[PDB]
Amino acid sequence: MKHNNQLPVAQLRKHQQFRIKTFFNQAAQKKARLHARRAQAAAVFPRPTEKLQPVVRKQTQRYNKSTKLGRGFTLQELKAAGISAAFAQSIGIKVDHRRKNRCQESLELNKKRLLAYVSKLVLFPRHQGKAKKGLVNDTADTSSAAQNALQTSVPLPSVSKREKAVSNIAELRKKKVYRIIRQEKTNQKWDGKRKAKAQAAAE
Amino acid sequence: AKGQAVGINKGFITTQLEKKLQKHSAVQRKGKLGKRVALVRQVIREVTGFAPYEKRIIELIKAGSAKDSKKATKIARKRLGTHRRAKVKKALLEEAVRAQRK
Amino acid sequence: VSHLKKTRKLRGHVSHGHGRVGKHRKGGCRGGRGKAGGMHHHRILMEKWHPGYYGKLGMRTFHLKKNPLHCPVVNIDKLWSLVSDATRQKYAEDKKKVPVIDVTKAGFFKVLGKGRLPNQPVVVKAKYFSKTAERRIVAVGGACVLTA
RNA sequence: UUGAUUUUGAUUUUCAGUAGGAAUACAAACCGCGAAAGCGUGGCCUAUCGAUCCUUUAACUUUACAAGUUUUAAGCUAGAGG
RNA sequence: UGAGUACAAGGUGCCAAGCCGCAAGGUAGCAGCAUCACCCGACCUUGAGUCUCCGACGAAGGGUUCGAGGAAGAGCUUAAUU
RNA sequence: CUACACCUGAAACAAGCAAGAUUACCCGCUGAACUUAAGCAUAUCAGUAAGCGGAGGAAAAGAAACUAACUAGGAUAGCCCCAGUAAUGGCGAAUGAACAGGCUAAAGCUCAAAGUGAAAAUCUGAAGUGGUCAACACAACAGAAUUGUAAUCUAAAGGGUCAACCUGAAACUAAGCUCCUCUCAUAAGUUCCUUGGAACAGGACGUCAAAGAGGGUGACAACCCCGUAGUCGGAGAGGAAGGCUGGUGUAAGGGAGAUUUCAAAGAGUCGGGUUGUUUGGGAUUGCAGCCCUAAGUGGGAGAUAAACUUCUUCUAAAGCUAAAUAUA
Ligand SMILES: [Mg+2]
Ligand SMILES: [Mg+2]
Ligand SMILES: [Mg+2]
Ligand SMILES: [Mg+2]
Ligand SMILES: [Mg+2]
Ligand SMILES: [Mg+2]
Ligand SMILES: [Mg+2]
Ligand SMILES: [Mg+2]
Ligand SMILES: [Mg+2]
Ligand SMILES: [Mg+2]
Ligand SMILES: [Mg+2]
Ligand SMILES: [Mg+2]
Ligand SMILES: [Mg+2]
Ligand SMILES: [Mg+2]
Ligand SMILES: [Mg+2]
Ligand SMILES: [Mg+2]
Ligand SMILES: [Mg+2]
Ligand SMILES: [Mg+2]
Ligand SMILES: [Mg+2]
Ligand SMILES: [Mg+2]
Ligand SMILES: [Mg+2]
Ligand SMILES: [Mg+2]
Ligand SMILES: [Mg+2]
Ligand SMILES: [Mg+2]
């Protein structure tokens, strides 16, 4: 232990010889995954690769501003779509029963998604018989033979261009932002003692 | 301030949801007493009798003074842990005492 | 690598530049292994190059969650640099309506004033503002808008 | 009569020009003695002394991380227990 | 809490180019060093007035102090040596 | 008292099951010192070696008594990050996870518990009959079982009342594909000189090439022989602990939505105390003994102990489950 350099942080203190991980399989592994995926396509041929995924906001204050692919559709949403979980599943839709909708907009996105899905759908019944729910589409669709990816057919755009208005500037200029944030933080701070005062002056 | 972060009111503005639209739950129905339950429990109660500590608490309740109430609580708290479960047991015992009067 | 290393040029010099008196030995010479005796014979080291190493500071956080503490900062100077040139010029000439810059979409939350602003007017949508940020924004012919 | 006091920081001695011990010169105070200038940050000067963790104390719109009120528990600055 | 008069991004001593001049020297002042000033925050100190008035806001005015900081960004990735 | 029934235990016999082996990876236990702290007890090495008990092709884990408090997310497992961070530690040496976010992979299901009571609707064996005869379908007779088998049900519900709209064991009957194993076959110089024991060398003339990877032939040979390439090609044989897809289609079986005096869920377990042990988990990280020992809007959880008011989230104390993962 000699010079000005930063205090070391021990690494190999235990017996690591038993505990090392090697990455050469990676090479072949990637490849394997490829073929797997491909062999899925072939065995699934008429149907799409990835099953239908709703969308939500991310779980953290910092992530809220972004968009994320959900695991499943909210029963509430399937209702507004008019699909039973079971059916949606026979369709290739992904359902999640513990998720709940606390916003109108979160219903909207997924409705739009579901509908979009259905509209673009082709359904093969036992040969030459037709059916009703989510319905069933004409025998000629058998010839249509669509191999498609879900991002192409059922996507989600957003562009950041924020529209400008002057009248509002005239408006917004009359308040004071700092003062605001301050008095607010303040209110949250002293709320408890204040309510307690109300209760105490009331009794 | 609802539209703002940091107000006593949570920042963001969301379109609220209807009573009809809200999450259907079951698991939230937990502490229900089905009459079947209730009856069965009463049956077995009579079939059973009280437990010795339950008896102690009972005497204390029948008396009714401040000291007696305290002791009822203390015992419930002490045998069961959880001041709360104590409160609950006091409730149950009182119910049986009161219903026994009639 | 190997042919660059000292060893090659040390071959046959017998001490390998570790000295004839003090040669290259085990932990005893290191002064004990690792951070050993920092507080004792290594006092001078610790004190001198890592002063304040031994001791305690103020307040334990049992579980610290960083996500909610997350607050990227922006400075006034980079504002116009966020939105394109098209915008600030086109509303330098056009006074009919004024530009709205959302710091949010850029991944920032609080706006601090650092430099100074063009005399051309703006609206800035941000989570928080510093006394001076608002000062300079307003004085420029601009407006502060609170987001969530 | 209590200047054996309130704030900080600096300087000199030993010196890795680290710490610690001493002492000095300032700037802000609040005082005591004297008519007053003045002199008082302890003993005429050169010795008389002690870190991390822990505890205890003084003073403070520091925290307990869904929200509160308590009780309790953590802190920041500084003494004492070595 | 946040690099506080929107039109700022300084002063001084050393000092390089370019331009003058045969020369003596003159002009200019990049980088660095030293120093003084301003700034954000810690710790102190001060405050008209304002409002969602009991807690926040702020015109004016400061520090013997503290900081791995501002003041026209210097980084990030790769290889090698010690 | 006898016959007889039932509960309990016993012997012989019939048909089946376990006993050891395996070591890399996996599971449940048990468990140290050398070493590092320049000494040394806490600590570290480290839940590490050795020891014991269990498996499998993987094991384990898994459908929340999870996170998070946001415009929320949502089984398990691996990768990347978060991170060397929060925390733990003679706060010394040194220990040290996870949420959010980017990916790989994707999958969800079975019980207990009011409801056959218009009737045990159930399970096992079976002389036997058909069969692809070890594997399938029926089956006279026998046992199991109301101290309860099967249908509904599993909280995402559900019962009851409507109901658009759906399904198909039986039998009959056509055509096919997948995967595995063992075999059989395929270009073009052995022309000429020189040196050699040998030409596969150096020269001269030639050829094939979706074949000039590599071998063997007396020497550094595309062309002499095996091969290589066309070949996820062609031909023959046998396979599936007895692979996979049709068409009619019976008794029978579902159910979006709608409404409704309905709506029931695991106990010496959860929780507490104490003592050990373990984790970063620090006055409630996990676990184990002993002592207490529940509840029923109850019960868990919301990274500081205890009340009290309000909000949030999940349903423990029964089970199954492919994939991505690990393999000295
Ligand atoms: Mg593998
Ligand atoms: Mg060199
Ligand atoms: Mg030499
Ligand atoms: Mg000395
Ligand atoms: Mg004086
Ligand atoms: Mg001391
Ligand atoms: Mg300057
Ligand atoms: Mg018997
Ligand atoms: Mg065995
Ligand atoms: Mg060793
Ligand atoms: Mg040693
Ligand atoms: Mg450990
Ligand atoms: Mg085996
Ligand atoms: Mg790392
Ligand atoms: Mg993720
Ligand atoms: Mg037979
Ligand atoms: Mg019978
Ligand atoms: Mg010859
Ligand atoms: Mg030849
Ligand atoms: Mg060859
Ligand atoms: Mg071939
Ligand atoms: Mg143990
Ligand atoms: Mg506890
Ligand atoms: Mg379970």
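Laid out as a table, the results:
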read-out	value
Residue count for region A:177-203, restricted to those that are surrounded by 13 or more Cβ atoms within 10 Å (Cβ to Cβ) and of a type in the set (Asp, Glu)	1
Those residues of region A:9-55 which are touching a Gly at 6+ places or on another chain (Cβ under 7 Å) and hydrophobic (A, V, I, L, M, F, W, C), in sequence order	A:10, A:52, A:55
Residue within region B:23-32 that is surrounded by 12 or more Cβ atoms within 10 Å (Cβ to Cβ) and either under 30 Å from residue C:145 (Cβ atoms) or away from chain C (no Cβ under 14 Å) (or both) present	yes
Residue in region C:33-56 that is away from ligand 2 (no atom under 16 Å from the Cβ), of a type outside the set (A, V, I, L, M, F, W, C) and within 23 Å of residue C:144 (Cα to Cα) present	no
Residue check, residue A:174 surrounded by 10 or more Cβ atoms within 10 Å (Cβ to Cβ) and either basic (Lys, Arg) or within 16 Å of ligand 2 (Cβ to nearest atom) (or both)	no
Selection count where residues are among the aromatic types (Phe, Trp, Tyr) and under 20 Å from the mean Cα position of the chain (by Cα), scope region B:1-58	2
For residue C:134: the one exception among (1) assigned to a loop (DSSP other than H, G, I, E, B); (2) within 17 Å of residue A:174 (Cα to Cα); (3) within 26 Å of the chain's Cα centre (by Cα)	(1)
Some residue of region C:9-26 being within 16 Å of ligand 2 (Cβ to nearest atom), away from chain A (no Cβ under 12 Å) and outside any loop (DSSP other than H, G, I, E, B)	yes
Residue match in region C:122-134 (condition: surrounded by 15 or more Cβ atoms within 10 Å (Cβ to Cβ), more than 14 Å from chain B (Cβ to nearest Cβ) and acidic (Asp, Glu))	yes
For residue C:114: the one exception among (1) closer than 24 Å to residue A:170 by Cβ; (2) surrounded by fewer than 17 Cβ atoms within 10 Å (Cβ to Cβ)	(1)
Counted residues, region A:57-90 - those being among the β-branched types (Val, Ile, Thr) and either surrounded by 18 or more Cβ atoms within 10 Å (Cβ to Cβ) or under 26 Å from residue A:40 (Cβ atoms) (or both)	2
Tally, over region A:140-171, of residues that are of a type outside the set (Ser, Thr, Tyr), assigned to a helix (DSSP H, G or I) and loosely packed, with under 13 Cβ neighbours inside 10 Å	3
Residue in region C:32-52 that is touching a residue at least 40 places away in the same chain (Cβ under 8 Å) and of a type outside the set (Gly, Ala, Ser) present	no
Sole residue being closer than 26 Å to residue C:129 by Cβ, in a loop (DSSP other than H, G, I, E, B), of a type outside the set (A, V, I, L, M, F, W, C) and away from RNA strand F (no atom under 13 Å from the Cβ), chosen from C:97, C:78	C:97
Scan of region C:49-69 for residues that are surrounded by 10 or more Cβ atoms within 10 Å (Cβ to Cβ) and more than 8 Å from every other protein chain (Cβ to nearest Cβ), ordered by number	C:54, C:65
Residue that is farthest from RNA strand F (Cβ to nearest atom), among those in region C:27-44 that are farther than 23 Å from residue A:12 by Cβ and more than 10 Å from every other protein chain (Cβ to nearest Cβ)	C:44
Members of region B:4-22 found to be more than 10 Å from chain C (Cβ to nearest Cβ) and surrounded by 17 or more Cβ atoms within 10 Å (Cβ to Cβ), listed by number	B:17
Meets criteria (under 27 Å from residue B:17 (Cβ atoms) and away from RNA strand F (no atom under 12 Å from the Cβ)) for residue A:55	no
Odd one out for residue C:35 among (1) under 31 Å from the mean Cα position of the chain (by Cα); (2) over 30 Å from residue C:128 (Cα atoms); (3) away from ligand 11 (no atom under 16 Å from the Cβ)	(3)
Whichever residue in region A:172-184 is more than 6 Å from RNA strand E (Cβ to nearest atom) and out of contact with any strand residue (DSSP E or B) (no Cβ under 8 Å at 6 or more places or on another chain) and, among such residues, is farthest from residue C:148 (Cα to Cα)	A:174
Criterion violated by residue C:107 - all others in (1) crowded, with 20+ Cβ neighbours inside 10 Å; (2) away from chain B (no Cβ under 14 Å) satisfied	(1)
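For every residue, the table says whether it meets (1) on the phi < 0 side of the Ramachandran plot; (2) within 14 Å of chain B (Cβ to nearest Cβ); (3) outside any helix (DSSP H, G or I); (4) in contact (Cβ under 8 Å) with a residue 24 or more places away in the chain.
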position: A:83; (1), (2), (3), (4): yes, no, yes, yes
position: A:86; (1), (2), (3), (4): yes, no, no, no
position: A:101; (1), (2), (3), (4): yes, yes, yes, yes
position: A:105; (1), (2), (3), (4): yes, yes, no, no
position: A:108; (1), (2), (3), (4): yes, yes, no, no
position: A:111; (1), (2), (3), (4): yes, yes, no, yes
position: A:115; (1), (2), (3), (4): yes, no, no, yes
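Every residue, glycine as well, gets a Cβ built from its backbone with ideal geometry; the counts of neighbours run over all protein chains shown. A short reminder: the numbers here are calculations on the coordinates, not readings from a lab.
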